[PDB]
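Heads up: the sequence shown runs through residues -1 to 38, 67 to 172, numbered per the authors' numbering.
Below you'll find the structure, written out as structure tokens, and then a few comments.
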Amino acid sequence: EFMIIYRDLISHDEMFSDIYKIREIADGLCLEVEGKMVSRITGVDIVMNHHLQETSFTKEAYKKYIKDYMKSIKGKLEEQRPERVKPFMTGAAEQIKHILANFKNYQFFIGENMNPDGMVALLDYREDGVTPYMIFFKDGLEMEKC
């Protein structure tokens, strides 16, 4: 019955909803959302459905951005879920290293409001080369349900 909407905790933008196959990955740090190409005008269904905007980054610019972004999420956790801080930080350090190491594989998308402090979702494709999937930071999302 219910449908859950995932909103960017910092920018309040709607990021996605549970109408897609969602998997928790990176030991609970991220949510991987699988989508489909929709040519209605080609595009990823997740991006079109939630009005995500594609953006671009130099690696050095992205590196500065996610460290500050993850630290802002750490601040929210210290306030709302203190026990989550340590595993979040350890996982964040590892995931940041992972994203930087595979930096060129991704396309970057932000919420409709395009708040520079908001989350930047990562898009890449499955091995079939046609099935898109997007990565979001679980702790940077708030759930809304109805």
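Every residue, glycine too, gets a C-beta built ideally from N, C-alpha and C.
Nearest-angstrom Cα separation, counted from residue j out to residue i
{"i": "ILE20", "j": "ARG152", "result": "14 Å"}
{"i": "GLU104", "j": "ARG110", "result": "8 Å"}
{"i": "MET140", "j": "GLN79", "result": "7 Å"}
{"i": "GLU30", "j": "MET160", "result": "6 Å"}
{"i": "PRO142", "j": "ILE92", "result": "11 Å"}
{"i": "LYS85", "j": "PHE134", "result": "12 Å"}
Residues bridged to residue i (per DSSP)
{"i": "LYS102", "result": "DSSP, once it has assigned bridges, lists no residue as partnering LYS102."}
{"i": "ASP150", "result": "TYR159"}
{"i": "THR81", "result": "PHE134"}
Option in the options with minimal Cα separation from residue i
{"i": "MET35", "options": "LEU27, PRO158 and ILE23", "result": "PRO158"}
{"i": "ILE125", "options": "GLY137, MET115, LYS89 and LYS102", "result": "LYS89"}
{"i": "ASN131", "options": "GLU138, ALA147, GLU120 and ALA118", "result": "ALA147"}
Collapsed DSSP secondary structure at residue i in the structure displayed
{"i": "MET140", "result": "coil"}
{"i": "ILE17", "result": "coil"}
{"i": "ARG38", "result": "coil"}
{"i": "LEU126", "result": "helix"}
{"i": "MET169", "result": "strand"}
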